[PDB]
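Working notes for the structure below.
Number of protein chains: 4
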Amino acid sequence: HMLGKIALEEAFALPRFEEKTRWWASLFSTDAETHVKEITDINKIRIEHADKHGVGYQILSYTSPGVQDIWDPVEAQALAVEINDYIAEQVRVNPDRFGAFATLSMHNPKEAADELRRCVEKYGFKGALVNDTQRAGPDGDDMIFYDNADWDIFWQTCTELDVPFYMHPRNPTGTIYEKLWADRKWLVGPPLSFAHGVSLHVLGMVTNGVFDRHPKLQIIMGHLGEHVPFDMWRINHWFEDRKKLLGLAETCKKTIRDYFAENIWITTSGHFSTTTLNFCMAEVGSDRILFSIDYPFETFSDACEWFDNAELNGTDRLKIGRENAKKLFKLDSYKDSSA
Amino acid sequence: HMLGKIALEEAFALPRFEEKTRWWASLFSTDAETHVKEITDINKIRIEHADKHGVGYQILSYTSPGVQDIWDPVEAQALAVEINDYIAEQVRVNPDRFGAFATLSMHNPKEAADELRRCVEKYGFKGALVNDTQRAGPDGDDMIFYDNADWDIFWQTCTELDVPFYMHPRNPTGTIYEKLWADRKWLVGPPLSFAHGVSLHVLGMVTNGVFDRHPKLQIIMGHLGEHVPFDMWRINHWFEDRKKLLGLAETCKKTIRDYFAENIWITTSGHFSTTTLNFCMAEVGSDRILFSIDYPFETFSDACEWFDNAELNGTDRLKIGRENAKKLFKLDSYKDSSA
Amino acid sequence: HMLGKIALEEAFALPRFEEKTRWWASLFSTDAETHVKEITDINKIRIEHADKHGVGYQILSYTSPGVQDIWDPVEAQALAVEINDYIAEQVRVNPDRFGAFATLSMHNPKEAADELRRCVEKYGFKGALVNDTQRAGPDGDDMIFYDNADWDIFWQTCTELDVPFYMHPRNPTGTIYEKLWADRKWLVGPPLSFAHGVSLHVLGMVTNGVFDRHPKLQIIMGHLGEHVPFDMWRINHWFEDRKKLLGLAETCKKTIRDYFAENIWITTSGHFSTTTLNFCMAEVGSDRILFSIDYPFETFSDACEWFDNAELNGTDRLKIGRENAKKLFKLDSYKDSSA
Amino acid sequence: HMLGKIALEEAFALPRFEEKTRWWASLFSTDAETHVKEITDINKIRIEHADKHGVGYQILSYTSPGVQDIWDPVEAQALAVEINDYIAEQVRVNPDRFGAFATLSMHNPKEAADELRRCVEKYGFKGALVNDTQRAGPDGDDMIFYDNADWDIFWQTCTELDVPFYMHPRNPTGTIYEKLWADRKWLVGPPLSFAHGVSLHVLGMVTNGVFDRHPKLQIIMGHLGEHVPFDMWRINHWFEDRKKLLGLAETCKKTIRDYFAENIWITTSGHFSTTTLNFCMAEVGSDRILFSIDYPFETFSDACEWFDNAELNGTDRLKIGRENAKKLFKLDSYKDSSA
Ligand SMILES: [Mg+2]
Ligand SMILES: [Mg+2]
Ligand SMILES: [Mg+2]
Ligand SMILES: [Mg+2]
């Protein structure tokens, strides 16, 4: 089985947030004590897992909801900077095993662009990972989406640095939580709510022309694309045969399949299904699919024993396991990168 | 090609609602004049389409948002009764070509159960079709969901009559529309918002124990299951391996795959994709998949030329085209029912 | 996991043929001593495997090449009678776990029909399993095929008794072996030669009208159909669009898809691929697919751990695992038959 | 819709072989007069079809059985030289639309190697296309296979020139025809016999170590791989878990999946099935699949309207339609090569 795999939806948390970490674990972990140790650890447990399961390189990112949960913009910016400085220091212990995505406050486009630039230019971070919309407003009940002209300066910064942006989910909050989710709360997270948020935001970027103004922008979705490949036919039909005759073409110049060929990537995080992977290879193409785990919400063992033992042609196993990410992130050599 | 097909997501509108019909058409039709004529027509244009394309029998239902848009419970109930009386007269003209689903006000469980009972016992309707949540509250900004114990009397009526309930989508309205959809409005409807509503409601029924209290209950989703089959693996994993260790097992006794084998059906309405159909046959099983069109939002030609010519084994073409629905709806003979 | 599974490509050998068993094992086993014990054991080792792996019922058959390797018709007939008497006594130990297929000499249609009748009427055997063509001629270099009018009396007996016929492979021999296989001998058996023989014979039955004269006849192929589902499109095209315009229609009245819907079954024996299973469900239909193992050439563990853990909807897992065979073979209760 | 497609299983015949052409047409064409005109035409009808259906570039090859039907080696060699000189002259008329594969007598490895070299060095031919084994012996009843060390000089010539070898089928002849096919003659050709021959030959090359001695060698199969992808799991299992423990590893050093990633290509010729293409994308990988037609045995319309309209992600449509072939055959510029 395959050595030198790359995973890039792999979360950490600051040690000082044990209470928040235990809260998130109460929703999404069956072993909270192990979860606290694993999500705070960078350089021991994570390496032991990766050595056992053929993972050469991991791009680390901050746990959800992370900075997007913080609606005080001053507090949010300070936390992002703290997190980026912290993980940059941590990955220096084992730089041949780890990279990092930038953690950002997304209250303000220029501020986020400047901090992403700092992360990339100063620390060699590989892109940004953001947990869907930024909570905003007096009690955090507002949502900042990034699919509009105010964010052009930010998306042009991604394309100038040529680094991708990973749109990770976050939990529903406030008014949205109360109206839709509170009475069916077991659906919060991976079962449904996570994908509803991310697919809304990315298809918002599609239909509001973000990839037309920034066609080099690379956007990554985890969880095999948050339902979007299932409706590729249906979205394409209702765009090209319906809404684009009614006004959508004014802000959306290409097909949904064009944007998946040129701009959008999907990851295998938390979706260890060969049948669904095969369907995504049909609807999206193996060139656009990246291995990932969703650790420590998922185990290395679940993800890697699935992928290593999945029935897959050798060409696509290599691409999805590491070679797609090697090219996308312009990776230097790392442990087992050519094994 | 295949004769005697059954379609059952096929909408009509009352002639007296032309203004509302034209509004809905301005969002979802590219030929509004034909749409207006086709959605009100039952027994001429609709028959001509079905004769050209091998559709023997259609179960008709009221257009979306229909009665679920009406937040005055007295007006809503009167409209539902009016619609059911109206369509019973229309389908009496060609009983070998048409059946009907009940149209319901869902403000009150017992009231809805009594009108469903009247439709089945008086008119021989085949079940109910409801456009997601019932608008309620002073300005219609509240939502009535049916995934709780207050609706036990209604679901027990469905199982006592042994008729299915079709959970059809409706548009986002009010605060939900303003917060999530207004800034990305081209995603309203088939592109995304429709599936988000229906999947939320049906998975709410799953996780709140509706199919445990009412194990005979049959629920149908259009559009190949509103994303749910894509995440069957992911939902199953996050139910059985995560949330069911945290409390979900107290209100959810079977697996998501169990509920799709025993309670839930999907339809091909508006999703004319053989690649996606094949994937749904893996994840749901051809026994649980029904042909449908979504007329007049989709054309007979699009739906029927796809299905009649799709590469499919002969066994499943027959089941999905008509034999599954013949059994589910206990259909007597109809035009070309054994052709 | 699933209990009460049925397997029906499960071989035994007579104890007195140890030399032949060891020769066949030298080609197709990596542990010949265990293979010899397992292929000769009926009522102990097989039960231990079946108890561990959720197999309720096994229909046993004689090992390849079996009687089809015997070109002396007197010797062949006596061996078939001997084998059938033997296994009837053996399966008698555990009728709640075992049935049997008839073993036949196929030198003479009437003789084969009479022995099949004896097996069904005297012993309650479930059908016939035959290893492709019957060796005949001076050195056994001739081949007897069954896709012609001389065999009408035999196929009419199958439909009168209403039992299926399993077309199992055998090794290439004589002139064919020397010319095609000796210089690439590692392809003999499962890698290639087995499927070439069975597909030739069954498609011979198709194109020579066997299923037109005997429309109730049920034919089973192992190994997910011996390549035939892969070319369902290509065969259908070259039948309906080419050869049926050149003369094939005179002896072949239905499409290849008709014959797979009405006459032909495939088995999962020795082909534990969910990806290939999904493709066969598209091309053949889950109603026409039966679980089987190919023991002791395959292990219970490989077949059952694959099938029990494969990603599959619950409807088709139940059908393929046991319910298709329960109906096809008109099975009374057996261990875990309704578990 | 897609322009600039490349097809490379596209046959021509010499005008002086009209009688042979009409015999072959009597087996495989329903319109012999059009077939005769189309198979002999190079620069008018073939261009008109390609202009209508978005085919920018075609690599032409000699009809089957071609030179492999000629068992006199002097006559065979003279015919190969004649064919290669002829087509080189014909394709100079439209060099932006046509290339050619070498036609070879395969009686002698050095002779075939020298004529292949002449074709590539003198005429810029793109590789070789050979119709399975070379008929040999006094009345042509012997078969020359190429999967042995005597052919090392030929395969080394292929890798030194860095051009692929297309293993095309031919009809069964002589004793093999009489014993296997004469009594089920409608299966000769595309329905079954063609794939049996090619898969035997290519898997012979695999198991006799040709790709271990010549790891750069590229071998192409038409018709979506002549059944081999269907059994990728089964072949791999019976190699790695069985025959490679018995001696096969001594002459076969990699897995069947390795050889499909490094040495073997498949084509869509005569197999216009999206369901089967998707399955082949899973089992072989879209990087290893090339569009082709099988003209004039198949029509441009069937092949191109299937492919142009098949549900496919944009990445793989571009690769399979032309970009895979552009890279493999180093086709920098031709008509619509960048449309
Ligand atoms: Mg995550
Ligand atoms: Mg509808
Ligand atoms: Mg067997
Ligand atoms: Mg050809």
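Protein chains in written order, with the numbering used here: chain A, 1 to 339; chain B, 340 to 678; chain C, 679 to 1017; chain D, 1018 to 1356.
Beta carbons are placed, not taken as given, at the ideal position from N, Cα and C, and that holds for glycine.
| query | result |
| --- | --- |
| Please tell me whether C/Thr781 and C/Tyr824 are closer than 7 Å, where the distance is taken between their beta carbons. | no |
| Shortest alpha-carbon distance to B/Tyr673 belongs to which of B/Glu358, B/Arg436, B/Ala389 and B/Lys383? | B/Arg436 |
| Does the Cβ-Cβ distance between C/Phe1007 and C/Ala981 come in under 7 Å? | no |
| Please list the terminal residues of the continuous beta strand (DSSP E) segment that includes C/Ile684. | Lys683 to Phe690 |
| Return yes when the C-beta of A/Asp294 is under 6 Å from any heavy atom of ligand 1, and no when it is not. | yes |
| Is B/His388 near B/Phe639, with beta carbons less than 7 Å apart? | yes |
| So who's on the other strand from A/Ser61, going by DSSP bridges? | A/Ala11 |
| Measuring CB to CB, does D/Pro1189 end up less than 7 Å from D/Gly1287? | no |
| Report yes or no: is there a C-beta of chain B within less than 7 Å of the C-beta of C/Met959? | yes |
| So, A/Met167 versus A/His223, is the Cβ gap smaller than 7 Å? | no |
| Are the region 855 to 866 of chain C and the region 794 to 808 of chain C touching by the rule of at least three beta carbon pairs closer than 8 Å? | no |
| On a Cα-Cα basis, can you pick out the residue from B/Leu556, B/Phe356, B/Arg552 and B/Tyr425 that is closest to B/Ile381? | B/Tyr425 |
| Is the region 576 to 592 of chain B touching the region 205 to 213 of chain A, taking contact as three or more C-beta pairs under 8 Å? | no |
| Just to make sure I have the definition right: I need the residues of chain C whose C-beta is within less than 7 Å of the C-beta of B/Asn447. Which are they? | Simply none; closest approach about 35 Å. |
| Classify B/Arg474 as helix, strand or coil using the three-state DSSP reduction. | strand |
| When DSSP labels each residue in this structure, what does A/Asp336 get in the three-state scheme? | coil |
| To the nearest angstrom, how far is the alpha carbon of residue 1020 of chain C from that of C/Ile971? | The structure shown has nothing for residue 1020 of chain C, since chain C only spans 679 to 1017. |
| Return the chain-ordered list of same chain residues with a C-beta closer than 6 Å to the C-beta of C/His905, the five sequence neighbours on each side being excluded. | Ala873 and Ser877 |
| Tell me the rounded alpha-carbon separation between C/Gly882 and C/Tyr973. | 28 Å |
| Report yes if the CB atom of B/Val406 is closer than 7 Å to the CB atom of B/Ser444, and no otherwise. | yes |
| Tell me the DSSP secondary structure of B/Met445 in three-state form. | coil |
| Quickly, what does DSSP pair D/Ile1337 with across the bridge? List them, please. | Answer by DSSP bridge pairing: none, since D/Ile1337 is not bridged. |
| When Cβ atoms are compared, which residues of the region 32 to 58 of chain A fall closer than 7 Å to chain D? | none |
| Determine which residues share a DSSP beta bridge with B/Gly438 and list them. | B/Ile398 |
| Identify the continuous alpha helix (DSSP H) that holds D/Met1222 and give its terminal residues. | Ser1210 to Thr1224 |
| Let's see if you can read the secondary structure: which residues bound the beta strand (DSSP E) around B/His507? | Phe504 to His507 |
| Using a C-beta cutoff of 7 Å, does A/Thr315 count as contacting chain C? | no |
| Please report the straight-line C-alpha distance between C/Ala791 and C/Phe832, rounded to a whole angstrom. | 5 Å |
| Relative to chain B, which residues along the region 1281 to 1313 of chain D have a C-beta separation below 9 Å, given in chain order? | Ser1290, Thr1291, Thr1292, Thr1293 and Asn1295 |
| I'd like to know whether the C-beta of A/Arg257 is nearer than 7 Å to at least one C-beta of chain D. | yes |
| What alpha helix (DSSP H) runs, 4 residues minimum, are completely inside the region 1280 to 1311 of chain D? | 1291 to 1300 |
| Kindly identify the DSSP beta-bridge partner or partners of B/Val469. | B/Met506 |
| Against chain A, with Cβ distances strictly below 7 Å, would B/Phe599 count as a contact? | no |
| Skipping 5 residues on each side, what residues in its chain have a beta carbon closer than 8 Å to that of A/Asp150? | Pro109 |
| Would you kindly check if the distance between the Cβ of A/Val120 and the Cβ of A/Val81 is under 7 Å? | no |
| Restricting to Cα atoms, I'd like to know which of D/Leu1031, D/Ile1283 and D/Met1160 is closest to D/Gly1191. | D/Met1160 |
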